[PDB]
2 protein chains.
Amino acid sequence: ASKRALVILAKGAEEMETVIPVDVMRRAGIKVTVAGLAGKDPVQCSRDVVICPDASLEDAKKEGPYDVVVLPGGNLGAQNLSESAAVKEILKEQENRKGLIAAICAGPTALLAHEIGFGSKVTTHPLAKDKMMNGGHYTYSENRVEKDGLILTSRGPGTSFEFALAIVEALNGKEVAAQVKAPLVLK
Amino acid sequence: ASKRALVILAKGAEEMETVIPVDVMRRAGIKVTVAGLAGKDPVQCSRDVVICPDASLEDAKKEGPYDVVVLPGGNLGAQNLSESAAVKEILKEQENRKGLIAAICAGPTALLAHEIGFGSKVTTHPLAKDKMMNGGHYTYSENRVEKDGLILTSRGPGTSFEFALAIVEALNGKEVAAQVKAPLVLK
């Protein structure tokens, strides 16, 4: 009965957008796999924090499926996610099984790259809006967290707690999210 | 020319309270050294995120001093900081030279262990108040961020952005902190 999350960690990922969801989800009793896009080696993030993944994405894929697939932002990280055929297949399969997909900041641009969730209302970091909206395949929102069915998106480092808690609430319900939230000392 | 920050990373540290200040400070142009209390090896944080430090604390001591010394929380992390003579040394030197010391969540309890800043007004996580106030060596505050001279404290993961921006403002001024703040999409 524990819910499961896959967080895909690429070189250049935004480390706050990676660690806040991982930590908050684990606080909720979600079993989170931090999966390295490139393999099991440590990953240099956007502001040079170095994070060691739990597993390679190839190994993590065999242990799925997952209740949520999470895409951090960072412009290089999102570019790396967007160029990956391995990411494409995991996102398609996740949409095809009606599992949640959650992406933050520049992360939603990988949904565009991989043709995931076309027609959804989405948000992104303001500086990623133009890229996301190229071809008109989505509807744009200014909400800090936007959820359209199983496509959950959010805007930036400063929306990461909100984004993480939305994932927790989607998976484990409102009371678990509230119980995780209170010790955080959010405003 | 750039200001310099030391972030001390012990086993069991709160990974959000580590990464948010590192990332925000680097966005502000501060040179941040993530120093592993126990050497250069990867550090397993409170919710099992594994972070590779930039340097050992032993080397970082030699490479100092710093414009700010930062103590993340996490109860095991704070306990390890509290039991380290090296941390003591660094904090006493920083206090002596009138440099900023910044501690969040359970982190300020290491100030207590090392007899730093006695008589200051401080905040902590609510659950760390008891420990911090044992013996009456500080005055307690319920402000999200508290600053009494060069002792800067804060309360939890959800105050980490405010804590980090307060460090930026102290080192680089109000306009740099505002400029760093805007792209984060804080509320």
# chains A, B, ... in the order shown; residues from 1 in each chain; ligands from 1
$ residues_around --residues "residue 158 of chain B" --least-positions-apart "6" --cutoff "10 Å" --atoms "only C-alpha atoms" --output "NGL selection string"
(:A and (161 or 181-187)) or (:B and (16-17 or 105 or 144))
$ residues_around --residues "residue 148 of chain B" --least-positions-apart "6" --cutoff "10 Å" --atoms "only C-alpha atoms" --output "list in words"
residues 117, 119, 120, 121 and 122 of chain B
$ closest_residue --among "A:25, A:49, A:59, A:128" --to "residue 166 of chain A" --atoms "only C-alpha atoms"
A:25
$ closest_residue --among "B:155, B:4, B:31, B:61" --to "chain A" --atoms "only C-alpha atoms"
B:155
$ select_by_dssp --residues "segment 3-182 of chain B" --states "strand (DSSP E)" --output "count of residues only"
40
$ atom_distance --atom1 "atom CA of residue 132 of chain A" --atom2 "atom CA of residue 164 of chain A"
21.3 Å
$ closest_residue --among "B:127, B:22, B:109, B:172" --to "residue 2 of chain B" --atoms "only C-alpha atoms"
B:172
$ select_by_dssp --residues "segment 91-139 of chain B" --states "helix (DSSP H, G or I)" --output "ChimeraX atom specification"
/B:91-96,108-113,126-133
$ write_last_selection --atoms "N, CA, C and O atoms" --output "PDB file, in the first residue's frame"
ATOM      1  N   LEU B  91      33.130  28.100  14.694  1.00  0.00           N
ATOM      2  CA  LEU B  91      32.137  29.054  15.243  1.00  0.00           C
ATOM      3  C   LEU B  91      32.775  30.021  16.200  1.00  0.00           C
ATOM      4  O   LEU B  91      32.402  31.212  16.136  1.00  0.00           O
ATOM      5  N   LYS B  92      33.678  29.562  17.052  1.00  0.00           N
ATOM      6  CA  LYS B  92      34.315  30.553  17.950  1.00  0.00           C
ATOM      7  C   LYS B  92      35.102  31.586  17.200  1.00  0.00           C
ATOM      8  O   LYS B  92      35.104  32.776  17.535  1.00  0.00           O
ATOM      9  N   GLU B  93      35.825  31.119  16.179  1.00  0.00           N
ATOM     10  CA  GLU B  93      36.586  32.063  15.380  1.00  0.00           C
ATOM     11  C   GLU B  93      35.677  33.073  14.674  1.00  0.00           C
ATOM     12  O   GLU B  93      35.953  34.291  14.566  1.00  0.00           O
ATOM     13  N   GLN B  94      34.558  32.624  14.147  1.00  0.00           N
ATOM     14  CA  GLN B  94      33.639  33.498  13.450  1.00  0.00           C
ATOM     15  C   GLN B  94      33.047  34.541  14.395  1.00  0.00           C
ATOM     16  O   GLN B  94      32.942  35.725  14.115  1.00  0.00           O
ATOM     17  N   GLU B  95      32.637  34.109  15.573  1.00  0.00           N
ATOM     18  CA  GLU B  95      32.129  34.978  16.612  1.00  0.00           C
ATOM     19  C   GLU B  95      33.189  35.998  16.982  1.00  0.00           C
ATOM     20  O   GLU B  95      32.884  37.194  17.101  1.00  0.00           O
ATOM     21  N   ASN B  96      34.422  35.559  17.184  1.00  0.00           N
ATOM     22  CA  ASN B  96      35.494  36.454  17.621  1.00  0.00           C
ATOM     23  C   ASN B  96      35.684  37.592  16.607  1.00  0.00           C
ATOM     24  O   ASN B  96      35.813  38.766  16.971  1.00  0.00           O
ATOM     25  N   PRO B 108      20.332  25.704  15.408  1.00  0.00           N
ATOM     26  CA  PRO B 108      20.800  26.558  16.506  1.00  0.00           C
ATOM     27  C   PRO B 108      21.172  25.807  17.774  1.00  0.00           C
ATOM     28  O   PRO B 108      21.903  26.360  18.585  1.00  0.00           O
ATOM     29  N   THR B 109      20.703  24.599  17.973  1.00  0.00           N
ATOM     30  CA  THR B 109      21.124  23.856  19.153  1.00  0.00           C
ATOM     31  C   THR B 109      22.625  23.571  19.138  1.00  0.00           C
ATOM     32  O   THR B 109      23.203  23.365  20.236  1.00  0.00           O
ATOM     33  N   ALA B 110      23.296  23.606  18.000  1.00  0.00           N
ATOM     34  CA  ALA B 110      24.754  23.531  18.004  1.00  0.00           C
ATOM     35  C   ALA B 110      25.428  24.785  18.540  1.00  0.00           C
ATOM     36  O   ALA B 110      26.541  24.704  19.060  1.00  0.00           O
ATOM     37  N   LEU B 111      24.756  25.933  18.407  1.00  0.00           N
ATOM     38  CA  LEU B 111      25.252  27.143  19.051  1.00  0.00           C
ATOM     39  C   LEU B 111      25.255  26.964  20.558  1.00  0.00           C
ATOM     40  O   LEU B 111      26.201  27.339  21.258  1.00  0.00           O
ATOM     41  N   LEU B 112      24.193  26.367  21.071  1.00  0.00           N
ATOM     42  CA  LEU B 112      24.088  26.101  22.496  1.00  0.00           C
ATOM     43  C   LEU B 112      25.208  25.152  22.918  1.00  0.00           C
ATOM     44  O   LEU B 112      25.934  25.444  23.884  1.00  0.00           O
ATOM     45  N   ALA B 113      25.393  24.055  22.198  1.00  0.00           N
ATOM     46  CA  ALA B 113      26.430  23.073  22.579  1.00  0.00           C
ATOM     47  C   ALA B 113      27.837  23.660  22.638  1.00  0.00           C
ATOM     48  O   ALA B 113      28.684  23.271  23.459  1.00  0.00           O
ATOM     49  N   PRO B 126       9.893  24.867  16.349  1.00  0.00           N
ATOM     50  CA  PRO B 126       9.164  24.671  17.591  1.00  0.00           C
ATOM     51  C   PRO B 126       9.581  23.463  18.416  1.00  0.00           C
ATOM     52  O   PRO B 126       9.650  23.518  19.642  1.00  0.00           O
ATOM     53  N   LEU B 127       9.886  22.350  17.735  1.00  0.00           N
ATOM     54  CA  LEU B 127      10.235  21.106  18.472  1.00  0.00           C
ATOM     55  C   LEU B 127      11.628  21.094  19.043  1.00  0.00           C
ATOM     56  O   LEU B 127      11.970  20.207  19.823  1.00  0.00           O
ATOM     57  N   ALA B 128      12.432  22.105  18.664  1.00  0.00           N
ATOM     58  CA  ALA B 128      13.799  22.286  19.177  1.00  0.00           C
ATOM     59  C   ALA B 128      13.886  23.378  20.244  1.00  0.00           C
ATOM     60  O   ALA B 128      14.963  23.650  20.801  1.00  0.00           O
ATOM     61  N   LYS B 129      12.764  24.046  20.535  1.00  0.00           N
ATOM     62  CA  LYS B 129      12.784  25.119  21.514  1.00  0.00           C
ATOM     63  C   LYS B 129      13.251  24.622  22.872  1.00  0.00           C
ATOM     64  O   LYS B 129      14.106  25.275  23.496  1.00  0.00           O
ATOM     65  N   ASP B 130      12.726  23.503  23.343  1.00  0.00           N
ATOM     66  CA  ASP B 130      13.045  22.977  24.665  1.00  0.00           C
ATOM     67  C   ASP B 130      14.563  22.855  24.833  1.00  0.00           C
ATOM     68  O   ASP B 130      15.190  23.378  25.761  1.00  0.00           O
ATOM     69  N   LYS B 131      15.165  22.131  23.895  1.00  0.00           N
ATOM     70  CA  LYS B 131      16.595  21.888  23.882  1.00  0.00           C
ATOM     71  C   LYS B 131      17.358  23.214  23.926  1.00  0.00           C
ATOM     72  O   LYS B 131      18.221  23.432  24.770  1.00  0.00           O
ATOM     73  N   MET B 132      17.021  24.109  22.984  1.00  0.00           N
ATOM     74  CA  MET B 132      17.737  25.382  22.866  1.00  0.00           C
ATOM     75  C   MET B 132      17.680  26.213  24.140  1.00  0.00           C
ATOM     76  O   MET B 132      18.662  26.899  24.440  1.00  0.00           O
ATOM     77  N   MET B 133      16.548  26.158  24.854  1.00  0.00           N
ATOM     78  CA  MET B 133      16.325  27.019  26.027  1.00  0.00           C
ATOM     79  C   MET B 133      16.781  26.388  27.326  1.00  0.00           C
ATOM     80  O   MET B 133      16.672  26.986  28.413  1.00  0.00           O
TER      81      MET B 133
END
$ atom_distance --atom1 "atom CA of residue 156 of chain B" --atom2 "atom CA of residue 100 of chain A"
28.7 Å
$ closest_residue --among "B:84, B:179, B:124, B:134" --to "chain A" --atoms "only C-alpha atoms"
B:124
$ atom_distance --atom1 "atom CA of residue 149 of chain A" --atom2 "atom CA of residue 165 of chain A"
16.3 Å
$ decode --residues "segment 22-48 of chain B" --atoms "N, CA and C atoms" --output "PDB file, in the first residue's frame"
ATOM      1  N   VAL B  22      22.384  26.915  -0.040  1.00  0.00           N
ATOM      2  CA  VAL B  22      23.504  26.827  -0.999  1.00  0.00           C
ATOM      3  C   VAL B  22      23.124  27.421  -2.342  1.00  0.00           C
ATOM      4  N   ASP B  23      21.965  27.013  -2.864  1.00  0.00           N
ATOM      5  CA  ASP B  23      21.536  27.408  -4.210  1.00  0.00           C
ATOM      6  C   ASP B  23      21.254  28.915  -4.243  1.00  0.00           C
ATOM      7  N   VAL B  24      20.462  29.395  -3.286  1.00  0.00           N
ATOM      8  CA  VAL B  24      20.128  30.826  -3.250  1.00  0.00           C
ATOM      9  C   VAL B  24      21.390  31.686  -3.103  1.00  0.00           C
ATOM     10  N   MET B  25      22.310  31.268  -2.211  1.00  0.00           N
ATOM     11  CA  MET B  25      23.526  32.044  -2.073  1.00  0.00           C
ATOM     12  C   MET B  25      24.351  32.037  -3.365  1.00  0.00           C
ATOM     13  N   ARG B  26      24.449  30.895  -4.024  1.00  0.00           N
ATOM     14  CA  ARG B  26      25.196  30.868  -5.299  1.00  0.00           C
ATOM     15  C   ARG B  26      24.507  31.725  -6.349  1.00  0.00           C
ATOM     16  N   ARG B  27      23.175  31.788  -6.364  1.00  0.00           N
ATOM     17  CA  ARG B  27      22.460  32.682  -7.287  1.00  0.00           C
ATOM     18  C   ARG B  27      22.829  34.130  -7.074  1.00  0.00           C
ATOM     19  N   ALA B  28      23.149  34.464  -5.824  1.00  0.00           N
ATOM     20  CA  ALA B  28      23.555  35.825  -5.468  1.00  0.00           C
ATOM     21  C   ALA B  28      25.024  36.111  -5.735  1.00  0.00           C
ATOM     22  N   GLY B  29      25.771  35.170  -6.265  1.00  0.00           N
ATOM     23  CA  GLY B  29      27.199  35.371  -6.542  1.00  0.00           C
ATOM     24  C   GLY B  29      28.106  35.100  -5.354  1.00  0.00           C
ATOM     25  N   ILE B  30      27.612  34.528  -4.282  1.00  0.00           N
ATOM     26  CA  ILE B  30      28.429  34.129  -3.141  1.00  0.00           C
ATOM     27  C   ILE B  30      29.138  32.837  -3.500  1.00  0.00           C
ATOM     28  N   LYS B  31      30.415  32.739  -3.122  1.00  0.00           N
ATOM     29  CA  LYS B  31      31.176  31.498  -3.312  1.00  0.00           C
ATOM     30  C   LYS B  31      30.876  30.634  -2.080  1.00  0.00           C
ATOM     31  N   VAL B  32      30.221  29.519  -2.288  1.00  0.00           N
ATOM     32  CA  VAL B  32      29.796  28.639  -1.209  1.00  0.00           C
ATOM     33  C   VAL B  32      30.638  27.389  -1.181  1.00  0.00           C
ATOM     34  N   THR B  33      31.183  27.085  -0.027  1.00  0.00           N
ATOM     35  CA  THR B  33      31.829  25.790   0.179  1.00  0.00           C
ATOM     36  C   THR B  33      30.915  24.888   1.013  1.00  0.00           C
ATOM     37  N   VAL B  34      30.489  23.768   0.433  1.00  0.00           N
ATOM     38  CA  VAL B  34      29.721  22.701   1.126  1.00  0.00           C
ATOM     39  C   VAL B  34      30.778  21.751   1.701  1.00  0.00           C
ATOM     40  N   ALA B  35      30.949  21.804   3.025  1.00  0.00           N
ATOM     41  CA  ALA B  35      32.030  21.094   3.693  1.00  0.00           C
ATOM     42  C   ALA B  35      31.491  19.931   4.505  1.00  0.00           C
ATOM     43  N   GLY B  36      32.014  18.744   4.249  1.00  0.00           N
ATOM     44  CA  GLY B  36      31.555  17.556   4.941  1.00  0.00           C
ATOM     45  C   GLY B  36      32.252  17.450   6.274  1.00  0.00           C
ATOM     46  N   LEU B  37      31.423  17.358   7.286  1.00  0.00           N
ATOM     47  CA  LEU B  37      31.930  17.305   8.642  1.00  0.00           C
ATOM     48  C   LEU B  37      32.874  16.122   8.731  1.00  0.00           C
ATOM     49  N   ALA B  38      32.461  15.004   8.100  1.00  0.00           N
ATOM     50  CA  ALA B  38      33.184  13.759   8.275  1.00  0.00           C
ATOM     51  C   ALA B  38      34.194  13.476   7.176  1.00  0.00           C
ATOM     52  N   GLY B  39      34.459  14.475   6.345  1.00  0.00           N
ATOM     53  CA  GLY B  39      35.491  14.271   5.296  1.00  0.00           C
ATOM     54  C   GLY B  39      34.817  14.567   3.938  1.00  0.00           C
ATOM     55  N   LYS B  40      35.458  14.153   2.831  1.00  0.00           N
ATOM     56  CA  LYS B  40      34.880  14.405   1.508  1.00  0.00           C
ATOM     57  C   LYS B  40      33.815  13.390   1.093  1.00  0.00           C
ATOM     58  N   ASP B  41      33.607  12.322   1.842  1.00  0.00           N
ATOM     59  CA  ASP B  41      32.653  11.314   1.377  1.00  0.00           C
ATOM     60  C   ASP B  41      31.226  11.843   1.243  1.00  0.00           C
ATOM     61  N   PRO B  42      30.427  11.239   0.377  1.00  0.00           N
ATOM     62  CA  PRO B  42      29.017  11.567   0.268  1.00  0.00           C
ATOM     63  C   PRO B  42      28.321  11.465   1.641  1.00  0.00           C
ATOM     64  N   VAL B  43      27.331  12.342   1.827  1.00  0.00           N
ATOM     65  CA  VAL B  43      26.619  12.515   3.074  1.00  0.00           C
ATOM     66  C   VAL B  43      25.147  12.146   2.898  1.00  0.00           C
ATOM     67  N   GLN B  44      24.685  11.187   3.709  1.00  0.00           N
ATOM     68  CA  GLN B  44      23.307  10.753   3.738  1.00  0.00           C
ATOM     69  C   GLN B  44      22.522  11.668   4.669  1.00  0.00           C
ATOM     70  N   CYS B  45      21.582  12.374   4.052  1.00  0.00           N
ATOM     71  CA  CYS B  45      20.801  13.371   4.771  1.00  0.00           C
ATOM     72  C   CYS B  45      19.586  12.712   5.442  1.00  0.00           C
ATOM     73  N   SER B  46      18.817  13.553   6.151  1.00  0.00           N
ATOM     74  CA  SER B  46      17.733  13.126   6.972  1.00  0.00           C
ATOM     75  C   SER B  46      16.666  12.326   6.247  1.00  0.00           C
ATOM     76  N   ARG B  47      16.349  12.645   5.012  1.00  0.00           N
ATOM     77  CA  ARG B  47      15.362  11.912   4.209  1.00  0.00           C
ATOM     78  C   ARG B  47      16.099  11.208   3.059  1.00  0.00           C
ATOM     79  N   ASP B  48      17.352  10.806   3.354  1.00  0.00           N
ATOM     80  CA  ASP B  48      18.119   9.882   2.526  1.00  0.00           C
ATOM     81  C   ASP B  48      18.594  10.403   1.183  1.00  0.00           C
TER      82      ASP B  48
END
